[PDB]
Amino acid sequence: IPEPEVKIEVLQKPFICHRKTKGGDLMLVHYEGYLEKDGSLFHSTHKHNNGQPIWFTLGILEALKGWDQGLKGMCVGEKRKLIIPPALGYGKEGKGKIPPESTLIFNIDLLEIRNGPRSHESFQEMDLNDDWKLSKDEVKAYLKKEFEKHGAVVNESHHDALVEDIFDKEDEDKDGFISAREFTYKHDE
Amino acid sequence: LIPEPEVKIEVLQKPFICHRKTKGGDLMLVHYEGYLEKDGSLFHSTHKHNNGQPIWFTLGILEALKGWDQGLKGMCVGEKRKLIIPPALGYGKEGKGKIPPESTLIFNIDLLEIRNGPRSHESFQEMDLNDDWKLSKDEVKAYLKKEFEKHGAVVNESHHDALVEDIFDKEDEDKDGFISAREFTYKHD
Ligand SMILES: [Ca+2]
Ligand SMILES: [Ca+2]
Ligand SMILES: [Ca+2]
Ligand SMILES: [Ca+2]
Ligand SMILES: [Ca+2]
(Lines give C-alpha, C1' and ligand atoms only; values in the text may rest on other atoms or scores of the structure.)
(Ligands and ions follow the chains in the order given, each with its own letter.)
Protein backbone atom coordinates (compact mmCIF):
# COMPACT_ATOMS: atom_id res chain seq x y z
CA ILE A 1 0.00 0.00 0.00
CA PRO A 2 1.85 3.08 -1.38
CA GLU A 3 1.88 6.47 0.38
CA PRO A 4 -0.92 8.72 -0.94
CA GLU A 5 0.14 12.24 -1.90
CA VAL A 6 -3.35 13.69 -2.15
CA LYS A 7 -5.61 13.76 0.89
CA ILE A 8 -8.86 12.08 -0.15
CA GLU A 9 -11.99 12.27 1.98
CA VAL A 10 -15.23 10.53 1.00
CA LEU A 11 -17.93 13.00 1.96
CA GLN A 12 -20.92 10.88 0.95
CA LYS A 13 -21.63 7.51 -0.69
CA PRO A 14 -24.76 6.30 -2.54
CA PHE A 15 -27.14 3.93 -0.74
CA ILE A 16 -25.94 1.32 -3.22
CA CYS A 17 -22.85 1.26 -5.41
CA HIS A 18 -23.10 -0.73 -8.63
CA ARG A 19 -19.80 0.27 -10.22
CA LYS A 20 -16.54 2.02 -9.26
CA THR A 21 -14.31 4.17 -11.47
CA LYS A 22 -11.12 2.80 -12.97
CA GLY A 23 -8.49 3.96 -15.48
CA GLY A 24 -10.02 4.87 -18.83
CA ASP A 25 -13.49 5.62 -17.42
CA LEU A 26 -15.24 8.85 -18.39
CA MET A 27 -16.61 10.61 -15.32
CA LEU A 28 -19.36 13.22 -15.42
CA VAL A 29 -18.64 15.53 -12.49
CA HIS A 30 -19.63 18.73 -10.84
CA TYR A 31 -16.82 20.33 -8.85
CA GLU A 32 -15.68 23.38 -6.96
CA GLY A 33 -12.00 24.25 -6.62
CA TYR A 34 -10.53 26.47 -3.90
CA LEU A 35 -7.11 27.84 -2.99
CA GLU A 36 -6.16 26.46 0.42
CA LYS A 37 -4.24 29.70 1.12
CA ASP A 38 -7.20 32.08 1.38
CA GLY A 39 -10.16 29.79 0.79
CA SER A 40 -10.98 31.61 -2.45
CA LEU A 41 -13.06 29.83 -5.10
CA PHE A 42 -11.13 29.55 -8.36
CA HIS A 43 -13.67 27.51 -10.29
CA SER A 44 -17.14 26.03 -9.97
CA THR A 45 -18.94 24.07 -12.68
CA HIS A 46 -22.16 25.45 -11.18
CA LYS A 47 -21.11 29.10 -11.50
CA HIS A 48 -18.52 29.15 -14.30
CA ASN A 49 -19.94 26.56 -16.71
CA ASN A 50 -23.55 27.66 -17.18
CA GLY A 51 -24.27 25.20 -14.37
CA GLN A 52 -23.33 22.17 -16.46
CA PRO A 53 -21.18 19.29 -15.18
CA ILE A 54 -18.09 18.33 -17.18
CA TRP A 55 -16.63 15.11 -18.52
CA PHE A 56 -13.21 14.00 -17.25
CA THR A 57 -11.34 10.87 -18.36
CA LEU A 58 -9.65 9.14 -15.43
CA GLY A 59 -6.14 7.71 -15.42
CA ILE A 60 -4.61 9.27 -18.55
CA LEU A 61 -3.33 12.61 -17.18
CA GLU A 62 -6.11 14.42 -18.99
CA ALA A 63 -6.05 16.94 -16.15
CA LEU A 64 -4.29 17.35 -12.77
CA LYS A 65 -2.15 14.47 -11.51
CA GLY A 66 -4.03 14.80 -8.22
CA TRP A 67 -7.38 14.09 -9.91
CA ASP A 68 -5.88 10.90 -11.35
CA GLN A 69 -4.69 9.85 -7.90
CA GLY A 70 -7.80 10.99 -6.05
CA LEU A 71 -10.76 9.83 -8.15
CA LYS A 72 -10.28 6.05 -8.42
CA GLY A 73 -12.83 3.63 -7.02
CA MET A 74 -15.57 6.23 -6.94
CA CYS A 75 -19.30 5.52 -7.30
CA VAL A 76 -22.12 7.50 -8.91
CA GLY A 77 -23.70 9.65 -6.18
CA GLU A 78 -20.41 9.76 -4.31
CA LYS A 79 -18.85 13.07 -3.27
CA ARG A 80 -15.16 13.51 -2.47
CA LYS A 81 -12.88 16.18 -1.12
CA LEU A 82 -9.33 16.25 -2.51
CA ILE A 83 -6.53 18.24 -0.95
CA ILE A 84 -3.87 18.47 -3.61
CA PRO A 85 -0.32 19.71 -3.05
CA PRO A 86 1.17 21.90 -5.82
CA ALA A 87 3.36 19.08 -7.21
CA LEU A 88 0.14 17.28 -8.17
CA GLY A 89 -1.61 20.48 -9.16
CA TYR A 90 -0.21 23.34 -11.23
CA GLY A 91 3.13 23.33 -9.40
CA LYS A 92 5.39 26.34 -9.71
CA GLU A 93 4.11 28.77 -12.39
CA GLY A 94 0.51 27.93 -11.48
CA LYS A 95 -2.27 28.86 -13.93
CA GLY A 96 -5.17 31.24 -14.44
CA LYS A 97 -6.46 32.15 -10.99
CA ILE A 98 -4.07 29.64 -9.40
CA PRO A 99 -0.76 31.11 -8.10
CA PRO A 100 2.54 29.20 -8.09
CA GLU A 101 2.95 26.58 -5.35
CA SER A 102 -0.76 26.47 -4.49
CA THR A 103 -2.32 23.64 -2.52
CA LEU A 104 -5.77 23.08 -4.01
CA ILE A 105 -8.99 21.89 -2.37
CA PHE A 106 -11.68 20.27 -4.51
CA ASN A 107 -15.27 19.30 -3.74
CA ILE A 108 -16.26 16.76 -6.45
CA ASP A 109 -19.63 15.07 -7.18
CA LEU A 110 -19.79 12.02 -9.50
CA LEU A 111 -22.93 11.96 -11.65
CA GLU A 112 -22.21 9.20 -14.20
CA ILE A 113 -19.53 6.76 -15.31
CA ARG A 114 -19.04 5.64 -18.91
CA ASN A 115 -16.53 3.45 -20.73
CA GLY A 116 -16.49 2.66 -24.45
CA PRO A 117 -15.84 -1.04 -25.03
CA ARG A 118 -13.96 -2.72 -27.91
CA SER A 119 -11.04 -0.38 -28.66
CA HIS A 120 -8.63 -1.27 -31.47
CA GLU A 121 -6.04 -1.88 -28.76
CA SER A 122 -8.09 -4.71 -27.22
CA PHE A 123 -8.54 -6.36 -30.62
CA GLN A 124 -4.82 -6.14 -31.42
CA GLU A 125 -3.98 -7.63 -28.01
CA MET A 126 -6.12 -10.65 -28.80
CA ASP A 127 -5.08 -11.11 -32.44
CA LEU A 128 -1.84 -13.01 -31.79
CA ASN A 129 -1.10 -13.78 -35.46
CA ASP A 130 -2.07 -10.29 -36.73
CA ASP A 131 -4.43 -11.62 -39.41
CA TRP A 132 -7.26 -9.22 -38.45
CA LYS A 133 -9.55 -11.96 -37.19
CA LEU A 134 -9.83 -13.79 -33.85
CA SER A 135 -9.69 -17.58 -33.68
CA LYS A 136 -11.21 -19.68 -30.90
CA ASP A 137 -7.66 -20.49 -29.78
CA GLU A 138 -6.74 -16.82 -29.67
CA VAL A 139 -9.80 -16.03 -27.56
CA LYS A 140 -9.16 -19.00 -25.24
CA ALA A 141 -5.53 -17.94 -24.79
CA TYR A 142 -6.55 -14.39 -23.88
CA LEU A 143 -9.15 -15.60 -21.35
CA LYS A 144 -6.59 -17.95 -19.83
CA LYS A 145 -3.94 -15.31 -19.24
CA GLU A 146 -6.48 -12.69 -18.13
CA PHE A 147 -7.70 -15.04 -15.43
CA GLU A 148 -4.23 -16.21 -14.48
CA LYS A 149 -3.12 -12.57 -14.18
CA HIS A 150 -5.50 -12.08 -11.30
CA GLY A 151 -4.45 -15.45 -9.89
CA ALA A 152 -7.88 -16.79 -10.85
CA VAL A 153 -7.94 -20.53 -11.61
CA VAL A 154 -8.91 -21.56 -15.14
CA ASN A 155 -11.45 -24.35 -15.38
CA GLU A 156 -10.86 -25.48 -18.94
CA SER A 157 -14.34 -26.89 -19.54
CA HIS A 158 -15.95 -23.65 -18.34
CA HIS A 159 -13.66 -21.63 -20.61
CA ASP A 160 -14.16 -23.86 -23.67
CA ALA A 161 -17.91 -23.57 -23.12
CA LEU A 162 -17.67 -19.80 -22.75
CA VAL A 163 -15.62 -19.53 -25.93
CA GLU A 164 -18.11 -21.69 -27.83
CA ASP A 165 -21.00 -19.44 -26.81
CA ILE A 166 -19.08 -16.27 -27.59
CA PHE A 167 -18.44 -17.49 -31.14
CA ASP A 168 -22.01 -18.78 -31.59
CA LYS A 169 -23.12 -15.20 -30.87
CA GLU A 170 -20.37 -13.06 -32.45
CA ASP A 171 -19.23 -15.13 -35.45
CA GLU A 172 -21.94 -13.85 -37.73
CA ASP A 173 -20.82 -15.45 -41.01
CA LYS A 174 -19.83 -18.74 -39.35
CA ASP A 175 -16.34 -19.05 -40.81
CA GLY A 176 -15.02 -19.98 -37.35
CA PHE A 177 -13.45 -16.57 -36.73
CA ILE A 178 -14.44 -13.19 -35.32
CA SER A 179 -13.19 -10.70 -37.88
CA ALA A 180 -12.26 -7.11 -37.07
CA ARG A 181 -15.66 -6.02 -38.40
CA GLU A 182 -17.54 -8.66 -36.38
CA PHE A 183 -15.63 -7.52 -33.29
CA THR A 184 -16.14 -3.81 -33.90
CA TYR A 185 -19.82 -3.66 -34.85
CA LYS A 186 -22.39 -5.19 -32.50
CA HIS A 187 -26.09 -5.81 -32.87
CA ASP A 188 -28.35 -8.05 -30.77
CA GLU A 189 -31.05 -7.86 -33.43
CA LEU B 1 -8.70 22.08 -24.46
CA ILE B 2 -5.34 20.31 -24.76
CA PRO B 3 -3.39 18.63 -27.64
CA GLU B 4 -0.59 15.99 -27.63
CA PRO B 5 2.83 14.93 -29.10
CA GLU B 6 3.44 11.30 -30.15
CA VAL B 7 6.20 8.71 -30.12
CA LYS B 8 7.32 7.24 -33.43
CA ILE B 9 7.49 3.46 -33.30
CA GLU B 10 9.53 1.37 -35.71
CA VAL B 11 9.33 -2.42 -35.40
CA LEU B 12 12.80 -3.93 -35.70
CA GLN B 13 11.99 -7.61 -35.27
CA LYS B 14 8.96 -9.85 -34.74
CA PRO B 15 8.86 -13.39 -33.39
CA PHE B 16 7.71 -16.25 -35.65
CA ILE B 17 5.02 -17.03 -33.08
CA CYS B 18 3.47 -14.50 -30.72
CA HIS B 19 2.16 -16.15 -27.55
CA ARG B 20 0.84 -13.11 -25.68
CA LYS B 21 0.84 -9.36 -26.16
CA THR B 22 1.64 -6.69 -23.56
CA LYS B 23 -1.25 -4.91 -21.84
CA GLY B 24 -1.42 -2.27 -19.10
CA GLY B 25 -0.28 -3.71 -15.79
CA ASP B 26 2.00 -6.40 -17.24
CA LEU B 27 5.59 -6.72 -16.10
CA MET B 28 7.91 -6.56 -19.10
CA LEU B 29 11.48 -7.85 -18.98
CA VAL B 30 13.43 -5.88 -21.56
CA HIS B 31 16.90 -5.11 -22.82
CA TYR B 32 17.36 -1.61 -24.15
CA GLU B 33 19.85 0.84 -25.49
CA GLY B 34 19.08 4.53 -25.24
CA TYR B 35 20.55 7.21 -27.53
CA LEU B 36 20.32 10.96 -27.95
CA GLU B 37 18.83 11.65 -31.38
CA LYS B 38 20.78 14.92 -31.56
CA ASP B 39 24.24 13.34 -31.91
CA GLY B 40 23.48 9.60 -31.89
CA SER B 41 25.33 9.09 -28.61
CA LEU B 42 24.56 6.13 -26.34
CA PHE B 43 23.42 7.16 -22.86
CA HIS B 44 22.56 3.71 -21.51
CA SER B 45 22.71 0.03 -22.36
CA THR B 46 21.28 -2.76 -20.22
CA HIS B 47 23.86 -5.05 -21.84
CA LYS B 48 26.61 -2.96 -20.30
CA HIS B 49 25.21 -1.92 -16.93
CA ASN B 50 24.91 -4.17 -13.85
CA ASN B 51 26.60 -7.11 -15.60
CA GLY B 52 24.10 -7.20 -18.43
CA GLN B 53 20.88 -7.74 -16.46
CA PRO B 54 17.76 -7.06 -18.45
CA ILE B 55 15.33 -4.79 -16.57
CA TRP B 56 11.73 -5.11 -15.43
CA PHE B 57 9.26 -2.39 -16.47
CA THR B 58 5.55 -2.21 -15.58
CA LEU B 59 3.53 -1.12 -18.60
CA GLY B 60 0.86 1.58 -18.43
CA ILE B 61 1.31 3.09 -14.97
CA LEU B 62 3.88 5.79 -15.80
CA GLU B 63 6.57 3.86 -13.98
CA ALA B 64 9.12 5.45 -16.31
CA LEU B 65 8.95 7.73 -19.37
CA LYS B 66 5.62 8.68 -20.96
CA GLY B 67 6.95 7.51 -24.31
CA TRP B 68 7.59 4.02 -23.02
CA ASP B 69 3.91 3.69 -22.03
CA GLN B 70 2.92 4.96 -25.49
CA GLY B 71 5.38 2.76 -27.39
CA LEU B 72 5.35 -0.66 -25.75
CA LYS B 73 1.71 -1.75 -25.91
CA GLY B 74 0.66 -4.92 -27.75
CA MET B 75 4.23 -6.21 -27.89
CA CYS B 76 5.26 -9.90 -28.15
CA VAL B 77 8.15 -11.72 -26.49
CA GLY B 78 10.92 -11.74 -29.09
CA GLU B 79 9.68 -8.46 -30.60
CA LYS B 80 12.10 -5.51 -30.84
CA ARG B 81 11.04 -1.86 -31.28
CA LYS B 82 12.80 1.42 -31.88
CA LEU B 83 11.03 4.29 -30.08
CA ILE B 84 11.73 7.86 -31.08
CA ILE B 85 10.54 9.94 -28.16
CA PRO B 86 10.10 13.75 -28.28
CA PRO B 87 11.15 15.62 -25.09
CA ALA B 88 7.55 16.11 -23.85
CA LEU B 89 7.34 12.31 -23.57
CA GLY B 90 10.86 11.85 -22.27
CA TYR B 91 12.77 13.98 -19.78
CA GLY B 92 11.15 17.21 -20.92
CA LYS B 93 12.21 20.85 -21.05
CA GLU B 94 14.25 20.43 -17.88
CA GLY B 95 16.11 17.31 -18.89
CA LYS B 96 17.54 15.10 -16.18
CA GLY B 97 21.14 14.28 -15.27
CA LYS B 98 23.16 13.40 -18.37
CA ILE B 99 20.16 13.96 -20.64
CA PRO B 100 20.24 17.59 -21.80
CA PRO B 101 17.06 19.75 -21.90
CA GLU B 102 14.63 19.26 -24.81
CA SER B 103 16.24 15.98 -25.87
CA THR B 104 14.62 13.70 -28.39
CA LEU B 105 15.47 10.13 -27.37
CA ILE B 106 15.94 6.92 -29.32
CA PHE B 107 15.43 3.58 -27.57
CA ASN B 108 15.89 0.14 -29.07
CA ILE B 109 14.00 -2.25 -26.85
CA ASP B 110 13.80 -6.05 -26.91
CA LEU B 111 11.06 -7.91 -24.98
CA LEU B 112 12.34 -11.06 -23.23
CA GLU B 113 9.36 -12.00 -21.08
CA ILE B 114 5.94 -10.92 -19.86
CA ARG B 115 4.88 -11.57 -16.28
CA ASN B 116 1.63 -10.97 -14.45
CA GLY B 117 1.47 -7.83 -12.37
CA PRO B 118 0.90 -8.24 -8.62
CA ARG B 119 -2.50 -8.07 -6.89
CA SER B 120 -3.04 -4.39 -6.04
CA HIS B 121 -4.85 -2.63 -3.23
CA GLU B 122 -6.46 -0.47 -5.94
CA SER B 123 -7.93 -3.47 -7.73
CA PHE B 124 -9.45 -4.76 -4.49
CA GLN B 125 -11.06 -1.42 -3.67
CA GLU B 126 -12.39 -1.13 -7.23
CA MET B 127 -14.11 -4.50 -6.86
CA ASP B 128 -15.26 -3.97 -3.28
CA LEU B 129 -18.36 -1.98 -4.27
CA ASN B 130 -19.81 -1.70 -0.75
CA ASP B 131 -16.54 -0.92 1.08
CA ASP B 132 -16.92 -3.76 3.61
CA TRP B 133 -13.36 -4.92 2.88
CA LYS B 134 -14.47 -8.22 1.37
CA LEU B 135 -15.59 -9.23 -2.11
CA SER B 136 -18.98 -10.92 -2.45
CA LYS B 137 -19.71 -13.28 -5.32
CA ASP B 138 -21.93 -10.54 -6.76
CA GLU B 139 -19.08 -8.02 -6.67
CA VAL B 140 -16.74 -10.41 -8.46
CA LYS B 141 -19.49 -11.20 -10.96
CA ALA B 142 -19.98 -7.46 -11.58
CA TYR B 143 -16.27 -7.04 -12.23
CA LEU B 144 -16.18 -10.00 -14.64
CA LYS B 145 -19.24 -8.64 -16.42
CA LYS B 146 -17.72 -5.23 -17.02
CA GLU B 147 -14.35 -6.63 -18.09
CA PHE B 148 -15.95 -9.16 -20.46
CA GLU B 149 -18.01 -6.34 -21.99
CA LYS B 150 -14.91 -4.17 -22.41
CA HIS B 151 -13.40 -6.88 -24.62
CA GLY B 152 -16.51 -7.49 -26.69
CA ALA B 153 -18.12 -10.36 -24.78
CA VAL B 154 -21.65 -10.22 -23.44
CA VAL B 155 -22.58 -13.69 -22.23
CA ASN B 156 -25.14 -15.62 -20.19
CA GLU B 157 -25.23 -15.36 -16.38
CA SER B 158 -24.57 -19.10 -16.05
CA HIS B 159 -21.06 -18.48 -17.38
CA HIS B 160 -20.31 -15.73 -14.84
CA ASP B 161 -21.81 -17.78 -12.02
CA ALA B 162 -19.62 -20.74 -13.00
CA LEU B 163 -16.45 -18.65 -13.27
CA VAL B 164 -17.11 -16.99 -9.90
CA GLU B 165 -17.34 -20.42 -8.26
CA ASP B 166 -14.03 -21.44 -9.87
CA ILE B 167 -12.47 -18.30 -8.38
CA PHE B 168 -14.00 -18.62 -4.90
CA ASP B 169 -13.08 -22.31 -4.74
CA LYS B 170 -9.48 -21.17 -4.27
CA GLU B 171 -9.74 -17.69 -2.76
CA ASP B 172 -12.52 -18.12 -0.19
CA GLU B 173 -10.89 -20.15 2.58
CA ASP B 174 -13.17 -19.90 5.60
CA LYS B 175 -16.04 -20.25 3.12
CA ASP B 176 -18.08 -17.35 4.47
CA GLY B 177 -18.87 -16.68 0.81
CA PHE B 178 -16.50 -13.73 0.59
CA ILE B 179 -12.92 -12.97 -0.33
CA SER B 180 -11.55 -10.87 2.54
CA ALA B 181 -8.72 -8.38 2.05
CA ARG B 182 -6.50 -10.91 3.81
CA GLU B 183 -7.50 -13.71 1.40
CA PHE B 184 -7.02 -11.38 -1.60
CA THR B 185 -3.45 -10.38 -0.65
CA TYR B 186 -1.61 -13.43 -1.98
CA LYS B 187 -2.58 -15.40 -5.03
CA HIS B 188 -2.16 -18.73 -3.23
CA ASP B 189 -1.49 -19.93 -6.78
CA1 LIG C 1 -5.82 -13.87 -35.52
CA1 LIG D 1 -16.75 -14.68 -38.79
CA1 LIG E 1 -17.76 -5.92 -0.51
CA1 LIG F 1 -13.74 -15.81 3.09
CA1 LIG G 1 -5.52 -15.97 -1.67
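No hydrogens, no waters, no symmetry mates; every other heavy atom, side chains included, goes into these values. So you know, we letter chains A, B, ... as the sequences are listed, proteins then strands, and number each from 1. We count ligands from 1, going down the list as the structure has it; atoms in each ligand are counted the same way.
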Show me, pair by pair, the donor-acceptor contacts under 3.5 angstrom made by side chains of residues 9-23 of chain B, not counting sequence neighbours?
from    : atom 1 : to       : atom 2 : distance (Å)
B:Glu10 : OE2    : B:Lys8   : NZ     : 2.5
B:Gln13 : OE1    : B:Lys80  : NZ     : 3.1
B:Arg20 : NH1    : B:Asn116 : OD1    : 3.1
B:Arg20 : NH2    : B:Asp26  : OD1    : 3.2
B:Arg20 : NH2    : B:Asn116 : OD1    : 2.9
B:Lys21 : NZ     : A:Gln124 : O      : 2.8
B:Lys21 : NZ     : A:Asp127 : O      : 2.9
B:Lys21 : NZ     : A:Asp130 : OD1    : 2.7
B:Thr22 : OG1    : B:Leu72  : O      : 2.7
B:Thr22 : OG1    : B:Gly74  : N      : 3.0
B:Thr22 : OG1    : B:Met75  : N      : 2.9
B:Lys23 : NZ     : A:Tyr142 : OH     : 3.0
B:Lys23 : NZ     : A:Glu146 : OE1    : 3.0
B:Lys23 : NZ     : B:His151 : NE2    : 3.0

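In terms of modelled atom types and a separation under 3.5 Å, the side chain of B:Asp39 and the main chain of B:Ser41 share a donor-acceptor contact. Between the A:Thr45 side chain and the A:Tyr31 main chain, a donor and an acceptor come within less than 3.5 Å of each other.
Taking the N/O/S atoms of B:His188 in turn, the shortest distance to the Ca ion (ligand 5) belongs to ND1.
The closest side-chain donor-acceptor pair between A:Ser135 and A:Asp137, if any, does not fall under 3.5 angstrom.
Annotation for A:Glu156: atom CD does not count as buried by contact number, only 12 or fewer foreign heavy atoms lying within 6.0 Å.
Geometry note: the Ca ion (ligand 1) is the vertex, A:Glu138 OE1 and A:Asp127 OD1 are the arms, and the angle is 110° (rounded to 10 degrees). When OD1 of A:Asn129 and OD1 of A:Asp131 are joined through the Ca ion (ligand 1), the resulting angle is 70° to the nearest 10°.
Around the Ca ion (ligand 4), the protein atoms of type N, O or S found under 3.0 Å away are B:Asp172 OD1, B:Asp174 OD1, B:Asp176 OD1, B:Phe178 O, B:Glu183 OE1, B:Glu183 OE2, listed by chain and number.
For an aromatic pair to be called close, the ring centres must be under 6.0 Å apart, and B:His159 with A:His158 fails this. Aromatic rings of A:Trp132 and A:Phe177 (six-membered ring for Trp) have centroids beyond the 6.0 Å cut-off, not under it. The ring of B:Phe43 has its center closer than 6.0 angstrom to the ring center of B:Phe107.
Among the atoms of B:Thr185, no N, O or S atom falls under 3.0 Å of the Ca ion (ligand 5).
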